[PDB]
Engineer: 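Below you'll find the structure I mean.
Hydrogens, waters and symmetry mates are skipped; everything else that's a heavy atom, side chains included, is used. Lettering follows sequence order; numbering is per chain, from 1.
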Amino acid sequence: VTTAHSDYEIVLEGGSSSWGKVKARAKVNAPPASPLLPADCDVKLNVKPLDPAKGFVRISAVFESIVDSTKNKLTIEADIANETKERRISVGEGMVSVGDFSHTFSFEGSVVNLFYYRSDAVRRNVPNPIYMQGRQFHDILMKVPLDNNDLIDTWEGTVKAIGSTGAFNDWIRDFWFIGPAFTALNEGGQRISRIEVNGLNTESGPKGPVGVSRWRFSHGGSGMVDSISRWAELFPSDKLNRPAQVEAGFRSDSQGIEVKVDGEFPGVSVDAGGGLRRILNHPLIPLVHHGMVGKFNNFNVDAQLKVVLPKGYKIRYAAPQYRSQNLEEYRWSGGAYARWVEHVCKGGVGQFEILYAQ
Amino acid sequence: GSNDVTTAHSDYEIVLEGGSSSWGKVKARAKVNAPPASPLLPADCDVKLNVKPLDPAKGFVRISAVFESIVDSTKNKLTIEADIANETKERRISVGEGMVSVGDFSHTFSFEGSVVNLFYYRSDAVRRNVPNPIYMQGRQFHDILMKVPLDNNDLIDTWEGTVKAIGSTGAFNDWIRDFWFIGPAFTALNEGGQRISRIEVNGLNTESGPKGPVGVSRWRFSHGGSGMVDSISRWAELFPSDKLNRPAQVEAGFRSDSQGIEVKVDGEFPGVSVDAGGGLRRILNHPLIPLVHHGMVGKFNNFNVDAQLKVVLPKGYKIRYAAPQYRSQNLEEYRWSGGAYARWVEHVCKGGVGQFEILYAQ
Amino acid sequence: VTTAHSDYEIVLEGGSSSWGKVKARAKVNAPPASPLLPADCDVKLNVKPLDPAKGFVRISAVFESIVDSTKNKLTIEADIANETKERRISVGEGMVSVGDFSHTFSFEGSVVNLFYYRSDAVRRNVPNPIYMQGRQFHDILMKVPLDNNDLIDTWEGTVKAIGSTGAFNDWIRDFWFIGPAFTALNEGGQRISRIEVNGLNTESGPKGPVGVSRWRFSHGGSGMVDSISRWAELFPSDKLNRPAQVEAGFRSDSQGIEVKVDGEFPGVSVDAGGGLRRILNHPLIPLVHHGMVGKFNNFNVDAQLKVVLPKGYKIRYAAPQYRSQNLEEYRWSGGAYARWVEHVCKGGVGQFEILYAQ
Amino acid sequence: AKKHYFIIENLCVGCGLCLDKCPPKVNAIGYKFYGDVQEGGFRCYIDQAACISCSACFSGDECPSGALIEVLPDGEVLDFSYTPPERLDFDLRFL
Amino acid sequence: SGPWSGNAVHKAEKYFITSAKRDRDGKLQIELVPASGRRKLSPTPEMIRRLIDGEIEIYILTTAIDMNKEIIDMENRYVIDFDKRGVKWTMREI
Ligand code: BCL
Ligand code: BCL
Ligand code: BCL
Ligand code: BCL
Ligand code: BCL
Ligand code: BCL
Ligand code: SF4
Ligand code: SF4
């Protein structure tokens, strides 16, 4: 049987704005594919405009989890800006703590995104492009203070491994993507190149030695990768005129999974040409990645998508059909919507499109 | 109670010919109420494949193919037309031309190709102890010379960009595989069992032609398989140049939508039935690449199954060792429905490669 | 419908011992994903202590199968010892026969297992580690007598291929993993490196020429590979004080699958800290590998798990719950246990853990 | 404002449904006869000096001849506020 | 095709000319915009060949007088190159 109870809400804003509120609840009675149970997690994402002249924004992220009687925490906090429309700059710092061990770090990064082609026919014959092949290049300089015995041990072991073996650059990818993540890398459509180390140094600092490393890598995609094909959509620096948030939490166990999500941010709705707007095309990486854990138990589906529009907006060409119009709201439940939900909770990437106008 | 219904209605027919002939007619209908895994919907397509014997002395045959599709309010057309011949039993030669048009843009091309297929071993014990080999590892090598007339501004732009990319970067040869297999196709490449090697460019030229400059490119690549790849393991079966004494056709069409999928297939061609030794003949072993490739989209909705398979034999032929069993014998026809046949159909519509074998004699 | 009838039993031993008896029955009415049917197989695995001073043990293995009217047999018999805790030595011989063809061989092998890190924080903050990345290196010297015409043909063809082509070292991996096995290699989490040939020789022997080959290869894992992450668990040379056995057999057909397994060997139960013991963590490679054939037909599930403990042992924190306690036995059936069984018969790796004490 | 509306002359049939929605303070829509009103001789029109871009004339989805267009602010021309996705069709027979 | 695909008013896909800018060529800027208005196309002899057969119709929107070769009667006989005469609609508000 294994019913799957889920509850969704989108709330939009009028005019030329693109902001939106998102709310989500979920429940299943199926065992998660985690070789360590139970597992709990909360995520806070916040972002505020540092200053619009430079385009600089400040973004924070906090993770706590309890994984089989073990507390894990990861804090990161950074400043990001688009230096060009295909280069991005970031300066940030954070820390990671597991059990009793903990250490901080400060990074200094740049990212460059390149597409394999720029043909304008692809721009005048296809109104809604989806797949777009390209490659990203990351250049990272990170400094970590060495104060613990274990930090010094890791540092010396890494220096010895980098010095001695000639296949460090490609074997590091084995340690990098631990467990099933590596497998997804092939299927999710990505390709990680061999890293290239530009030098590991150690310098005296405030309290003691600090290990400085700078390295470069690249990863390409066939179009399914959102971070490449949709480089412009995922960092809306224009509409961040007020702080935005994303705030989620799951709590897994030996008998089903619990989900809870809030969010409010721009980029929810985009122009679709001819005066009509649309909900943004659903990202594909989460769908195909979750499809690797969603095929283990056949399940029953019930859900309710509830979309609230501003004054004077109408939904036209909603595929599949909605069920009710409470004069501003549209509700989807059962039938073809339920079939589509069951389809996408197993890795399917079929399109459920909503167009609205005024 | 239980889970989703989603009935899948399908209808199949095979019609054979008697004697030593191998020709056959194939007919297929299909319907599902499940959303296709296409990030752009709706999507429609028709396919025409025709082939006629150019001349038997050389072994040359002429083959045409036309594709039209409407993908989310966008008309796409691809025409190709070529002449193929087996120069040896492990080399093949082809000369052809075609065009591709999307929306308003369109351009033609003419290619000049050769293909060589090699197996990794030739041990004859494998030939005297195994009566029906299935997996056979090998590698194919493609050598292509294609010319495209440059007349549009966009064609010239693509040409110049490609020349600049090939000149500048040193990793073009292996990064081209990212642009090559767009989207999920790339992923299938790993699982479907294939391995594409890095291409090797032998020179990009441009020469004046009838109306203007024409870009000429010639390149080579190879791809190997562990045995699951039909184009390698069954190199001899997929181009039956002997029995093409009359024109043959394949003619299909699917029409997808946000609520299920429609299929319609006709065909008539040789190679449907092969000798099985000891006087018995058999339907050809089912290809594996289509099964495993379709298995990557057939696991998204649990479904109910109903189908016919209806096989019509010539005079005096009898089916013996049909596994699973058939249901009826209308004195020349054999019908499969429900039960183990339905289970096998549900099995193969999800990527399974279990064997459903039919042997007939006279 | 496709009911799946399965029957399981574990029997343990008391004290500090780790021995165990395992019994298993299984039945399905689904067509196996074998492009040749029918297919039958029996497996015998025996091991006895050669001598404890050296640590040397002797292990035998026999395989018979009938694959679509074709008899196949493989015999192997070898002596293995742990020279260090990360090196292993083996000397053995065997033969393989298909239909009428048959030939023997004698091998001489060493294996080295290396982990990518040794951080002790990972050892004091995580009580039950699961994923552990590393790499294995195999060095093999095998001799095969050339007496048949076909053996000489294979030998000459291989010498010609190794001499002529420059891409033999990496293209050999195509012939190596025949068919779907290759695909699993990516997904199952493994990476096979290019082999390196150290020389093919031929020398006169008792009855004639013998082909001698020695070669090296390596394979790394992201942690999912048991042969790497659990290098210490899979060869319990301590508790083999009496002969142990594993004895299985499957028998497939065009309409379902039959299974039958006996076994008795150490390593079934391990210490879990704080006086409690546990059943060993379930291996992951068999689960994910069988998950590639277990998604083709939706099926109904019924099973027993019946665990028998020694005197004075109690199960505490069994997740999911058991059903009955016949004063020494614990039985799992239906409900969450059935859901977990259906989960793991499709590739899921959720944890079903049993802790017992006294 | 932007996005004018521009009734087409040659396609209009004079049903007048476009004229109803325009607010009474704005008599931007009118009639033209020039002949006998039975073979299509009373086609209507829009006055551009009074129209205030309500979109009541276009968003109502009432024109049956496709005579209202609503040209976009930059250069684009519409004909109806949403169009089906133009598939293509055949016949089936389950054997 | 069928009445239920595309728009039911029209017997085939309709296009309009929206731009007439002179860029060193006079009338490179023929911008064929469809009825739905999601693209900005051009003469593009493929468009011309699908025009001449049965499937495209274009109109001129009285809101390139000679550069589109008006010929000589009824104030309108617009032809593109040699073959087909793009009919035009009128919107005279006066
Ligand atoms: C995931 C796919 C690609 C990836 C894609 C990107 C993209 C895209 C970007 C970076 C950028 C960065 N990446 Mg990277 N990057 C990857 C793997 C890595 C790895 C690694 C060990 O694997 C490292 C060290 C880095 C390092 C970095 C830094 C150089 C840089 C800034 C990080 C940041 O700000 O932190 C902050 C960390 C987070 C906020 C964690 C939350 C991340 C998730 C994905 C955010 C989800 C957004 C959520 C859906 C909506 C949020 C809205 C809220 C209102 C804010 N990347 C993988 C391979 N990387 C950024 C950059 O350009 O810097 C110049 C950037 O835009
Ligand atoms: C971007 C990744 C974060 C990071 C995130 C984590 C996480 C997450 C964990 C640790 C953990 C630990 N960290 Mg740390 N760690 C980083 C930077 C460092 C540096 C350094 C000189 O920069 C050092 C010495 C360490 C040291 C240590 C290990 C000794 C310790 C436990 C072993 C472990 O798995 O490590 C993991 C090692 C790393 C992820 C990279 C170490 C970098 C090496 C030493 C220097 C760079 C080499 C190479 C050029 C970079 C390759 C790219 C990376 C492979 C992605 N970290 C960077 C800033 N670190 C563990 C812990 O906290 O408690 C057990 C753990 O779970
Ligand atoms: C698909 C698996 C392999 C593949 C396997 C083969 C095989 C096998 C052959 C070729 C051959 C050719 N390939 Mg190749 N080839 C592949 C990828 C490519 C790519 C590319 C960009 O990816 C290119 C450019 C080429 C190029 C070419 C030309 C050099 C050559 C002739 C093509 C042809 O006649 O067109 C015509 C195009 C078609 C007819 C389209 C229809 C194709 C499908 C597969 C036909 C299905 C047959 C249907 C089931 C039954 C038809 C029966 C009807 C009665 C006719 N191949 C992939 C990697 N290629 C042929 C050759 O040898 O030339 C010397 C040949 O025999
Ligand atoms: C075998 C593949 C067919 C082909 C099939 C298509 C298809 C399908 C499409 C295009 C499309 C286009 N074609 Mg073309 N195209 C071919 C040959 C060419 C040549 C040339 C010099 O030979 C050029 C300049 C072009 C130019 C163009 C692009 C400018 C344009 C839109 C971008 C796109 O995605 O391109 C795709 C580019 C190619 C598939 C290969 C271009 C070849 C390059 C320029 C020269 C060979 C370089 C290298 C040695 C060959 C690598 C092998 C290929 C990667 C498989 N084509 C060959 C004959 N072409 C698009 C279109 O029509 O409307 C948008 C589109 O959808
Ligand atoms: C399977 C994953 C890894 C693998 C992991 C290991 C591991 C781990 C070991 C070896 C070891 C060996 N491997 Mg290796 N090895 C692999 C692939 C290969 C290949 C090949 C062509 O692919 C070859 C030729 C070899 C060759 C060899 C010899 C060098 C050596 C001894 C074999 C043995 O004793 O035979 C005997 C053959 C068997 C007994 C067949 C049964 C095998 C199965 C897996 C046993 C299941 C155990 C069962 C669950 C419980 C048994 C308990 C009973 C009481 C006994 N390996 C794959 C890539 N290999 C051993 C060694 O170290 O030698 C020094 C060793 O410990
Ligand atoms: C570890 C693998 C076992 C082995 C297991 C099998 C199996 C299983 C089969 C055969 C079969 C055959 N064996 Mg043997 N075979 C081995 C060693 C040899 C040697 C040799 C010089 O060592 C030779 C000449 C042969 C010869 C033959 C082929 C002529 C014959 C049928 C073709 C076949 O598929 O072969 C398969 C070839 C091999 C598996 C490897 C052959 C080794 C080559 C010639 C020398 C080593 C080259 C290279 C350095 C090693 C690469 C590693 C391997 C690819 C894994 N074998 C080793 C001992 N052999 C078939 C049979 O018995 O009846 C049809 C069959 O099904
Ligand atoms: S847009 Fe408004 S003012 Fe203009 S004609 Fe229509 S209803 Fe009247
Ligand atoms: S609704 Fe259309 S047809 Fe009727 S008067 Fe208005 S513009 Fe003319």
Side-chain angles (χ1 to χ4, degrees), chain B residues 2-3 119-126 128-139 187 190-195 197 222-229 232-233 285-286 288 291-292 295 298-299 302-303 305 323-325 339-340 343-344 346-357, chain C residues 1-2 29-39 67-72 97-103 148-151 153-154 157-158 161 165 167-168 170-187 252-256 292-298 300 346:
Chain B
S2 185
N3 304 290
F119 295 110
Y120 284 131
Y121 63 89
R122 255 170 71 208
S123 64
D124 289 345
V126 168
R128 86 175 174 249
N129 278 342
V130 184
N132 198 18
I134 298 297
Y135 296 80
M136 181 55 184
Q137 318 93 330
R139 183 157 293 257
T187 65
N190 173 273
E191 196 136 43
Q194 293 179 356
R195 285 181 62 197
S197 67
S222 64
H223 78 103
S226 64
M228 292 177 72
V229 185
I232 292 172
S233 45
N285 301 316
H286 195 294
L288 303 184
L291 286 186
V292 310
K299 300 199 187 76
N302 52 4
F303 55 91
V305 175
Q325 186 173 355
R343 262 202 307 280
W344 177 83
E346 186 211 30
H347 167 85
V348 295
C349 295
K350 294 190 185 183
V353 295
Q355 176 175 136
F356 164 56
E357 179 93 280
Chain C
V1 183
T2 299
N29 192 31
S34 175
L36 286 177
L37 291 181
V67 183
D68 184 1
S69 69
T70 302
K71 290 179 200 339
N72 303 331
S97 69
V98 176
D100 47 48
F101 174 78
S102 65
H103 75 95
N148 288 10
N149 282 6
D150 175 19
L151 286 181
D153 289 345
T154 306
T158 298
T165 59
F168 187 91
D170 74 327
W171 287 354
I172 190 58
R173 292 178 294 181
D174 290 335
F175 163 86
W176 190 345
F177 310 103
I178 179 175
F182 180 78
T183 65
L185 190 63
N186 173 273
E187 183 178 2
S252 64
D253 184 1
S254 66
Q255 293 177 335
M292 301 166 67
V293 296
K295 300 199 187 76
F296 297 144
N297 292 94
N298 52 4
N300 269 319
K346 294 190 185 183

Engineer: Using a cut-off of under 4.5 Å on heavy-atom pairs, state which of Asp150(C), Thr183(C), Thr70(C), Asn297(C) scores highest against chain B.
Structural biologist: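 Heavy-atom pairs under 4.5 Å are most numerous for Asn297(C).
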Engineer: Heavy-atom distance under 4.5 Å to chain C: side chain of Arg343(B), backbone, both or neither?
Structural biologist: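 It is both, since atoms from each part get that close.
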Engineer: Considering only heavy atoms, which portion of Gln137(B) lies under 4.5 Å from any heavy atom of chain C: side chain, backbone, both, or neither?
Structural biologist: side chain
Engineer: Counting heavy-atom pairs under 4.5 Å with chain C, which one of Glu191(B), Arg195(B), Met228(B) comes out on top?
Structural biologist: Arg195(B)
Engineer: Shorter than 4.5 Å, heavy atoms on both sides: which option in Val98(C), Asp100(C), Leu185(C), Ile172(C) has the most such pairs with chain B?
Structural biologist: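 If we count pairs closer than 4.5 Å to chain B, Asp100(C) comes out on top.
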Engineer: Applying salt bridge (charged side-chain N to carboxylate O under 4.0 Å, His left out) as the test, list every pair that has at least one member in residues 130-139 of chain B; sequence neighbours left out.
Structural biologist: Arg139(B)-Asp174(C)
Engineer: Does atom CG of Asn149(C) have more than 12 heavy-atom neighbours from other groups under 6.0 Å away?
Structural biologist: no
Engineer: What's the verdict on side-chain contact (heavy atoms from CB on, under 4.5 Å) for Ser97(C) and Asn72(C), showing C-alpha distance, side-chain angles and the deciding distance?
Structural biologist: CA-CA 6 Å; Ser97(C) 69; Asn72(C) 303 331; over 6 Å; no
Engineer: Relative to each other, are the rings of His347(B) and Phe296(C) parallel, tilted or perpendicular (30° and 60° limits)?
Structural biologist: perpendicular
Engineer: Side chain from CB out, backbone as N, CA, C, O: work out which of these in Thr2(C) comes under 4.5 Å of a heavy atom of chain B, or both, or neither.
Structural biologist: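 Contact with chain B is through the side chain of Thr2(C) alone.
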Engineer: In terms of ring plane angle, is the pair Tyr121(B) and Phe175(C) parallel, tilted or perpendicular, where the classes change at 30° and 60°?
Structural biologist: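 Perpendicular, since the angle between the ring planes exceeds 60°.
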Engineer: Output the distance between atom NZ (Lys350(B)) and atom CG (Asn302(B)), rounded to the nearest 0.5 Å.
Structural biologist: 6.5 Å
Engineer: Heavy-atom distances under 4.5 Å only: say whether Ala340(B) touches chain C with side chain, backbone, both or neither.
Structural biologist: side chain
Engineer: Chain B heavy atoms under 4.5 Å from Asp170(C): which part of the residue, side chain, backbone, both or neither?
Structural biologist: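 Both backbone and side chain.
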Engineer: Drop me the distance from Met136(B)'s CE to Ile178(C)'s CD1, to the nearest 0.5 angstrom.
Structural biologist: 9.0 Å
Engineer: For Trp171(C), is it the side chain, the backbone, both or neither that has a heavy atom under 4.5 Å from a heavy atom of chain B?
Structural biologist: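 Contact with chain B: backbone and side chain both.
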Engineer: Residues in ring pair (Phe, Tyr, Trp, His ring centres under 6.0 Å) with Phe101(C), at least two apart?
Structural biologist: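 With sequence neighbours excluded, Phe101(C) shows a ring pair (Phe, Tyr, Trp, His ring centres under 6.0 Å) to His103(C), given in chain and number order.
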Engineer: Which of the residues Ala323(B), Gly224(B), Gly351(B) is involved in the greatest number of heavy-atom pairs with chain C at under 4.5 angstrom?
Structural biologist: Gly351(B)
Engineer: May I ask you to name which of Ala181(C), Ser254(C), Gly157(C), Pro32(C) has the most heavy-atom pairs under 4.5 Å with chain B?
Structural biologist: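 Between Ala181(C), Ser254(C), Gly157(C), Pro32(C), the count favours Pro32(C).
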